[PDB]
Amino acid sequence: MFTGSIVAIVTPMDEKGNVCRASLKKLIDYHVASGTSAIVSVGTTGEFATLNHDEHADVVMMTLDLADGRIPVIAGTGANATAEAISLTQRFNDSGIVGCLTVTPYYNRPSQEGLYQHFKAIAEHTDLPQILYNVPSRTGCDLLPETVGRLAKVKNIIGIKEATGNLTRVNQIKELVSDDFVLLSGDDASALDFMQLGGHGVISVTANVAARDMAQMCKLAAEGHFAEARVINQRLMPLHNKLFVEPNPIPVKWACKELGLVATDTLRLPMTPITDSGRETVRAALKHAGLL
C-alpha cells in the first residue's frame, strides 16, 4: 500500500514519444518479481509535465491493467489549479488505484492557506487516499509541517512524499500528525536517513533500476537493521546521485534502456537525450551497484 520501496516509474516511450506497452509491461513484471511495494504512475519521474490529462489517464489505466492486481498502483494527480486537480482525480475514482500522489501547486506560489484550501477541496471530491507531495525546488512552494498537520486532520489525507532533502522535516511532521500518517522520502540520496528518523519508505527513482536492492534496503530499515541497510545504500549512492546528473528522468530512462528493461530511452521536450558524458557517468554508477 504505502510503506517500503515505492517506485516512481518511468513512462517508457517509443521513438515517437508515446507510451510503449511492451516496455511498461516488462517494468511492471520486474517490480512484481523484485519485491517493490507499490508503483507511482505518472509522478515526476513518469513525465507528468509533458503528458496531457488524456495521455496521463491512459498510462495510469494501462499500468493498472498490467499490474493485474499483483502490485498496488498510486496515480499522480497533482495540478496547479484546484479545479484541474479535482478533474484529474475524478478520472481515477473507482479505477482500481489505491490512492493519489498530489503535488503542491507549481508556478503560482500559493500561500499556506492556499495549499490548505487546495488539498482540502481535492480530498473532498474523492474517496481515494491522498499522499501530499512537497518538492520546493520544482514548484517554488514549500508545504510546511504546520500546514501538513492541518491537512492530516482531513480523513483521506493519509501521508506525505517529502522531497526537500531536509531531514528535520521528518520529526516536525511526525509530532503534528497521527501515528498512522505515512512519511515517505522523495529524495533517494537521503531516504535511508529519512527512514532512520521515523519515515516509512521512499518513492524512488533509483528503484527503477535497482528494485531488488531498494526493496531489501527498505525491509532492513523497517526492521531496525540500519547498518545492514547502509551497506546496500552505499552500493546505490552513486545511482542516487548520478541519476540526477542531467534532469530526471533523462538518466534513469537511459539506464533502463541500458539494462534492457525498456526498448527506447525517448523523452518528451523540453527533456532532451542524455549527453555522452552523462551516459559514462550513469554507466559507472550502474557498475558500482553491480548491475552491469
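For every residue, the number given is its place in the sequence shown, counted from 1.
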Tell me which stretch has the larger mean Cα B-factor in this entry, 210 to 218 or 129 to 137.
210 to 218
Quick check: 276 to 284 versus 14 to 22, which has the larger average CA B-factor in the record?
276 to 284
C-alpha B-factor winner, where the candidates are 161, 174, 118, 109:
174
By the CA temperature factor listed in this entry, which of these ranks top: 67, 243, 40, 59?
67
Going by the recorded CA B-factors, say which third of the chain residue 223 sits in, lowest, middle or highest.
highest
Within this chain, which third does the Cα B-factor at residue 29 fall in: lowest, middle or highest?
highest
Going by what the PDB entry lists, where does residue 142 fall on CA B-factor within its chain: lowest, middle or highest third?
lowest
Chain thirds of CA B-factor: placement of residue 265:
middle
Hey, what third does residue 178 fall into on Cα B-factor, ranked over its chain?
highest
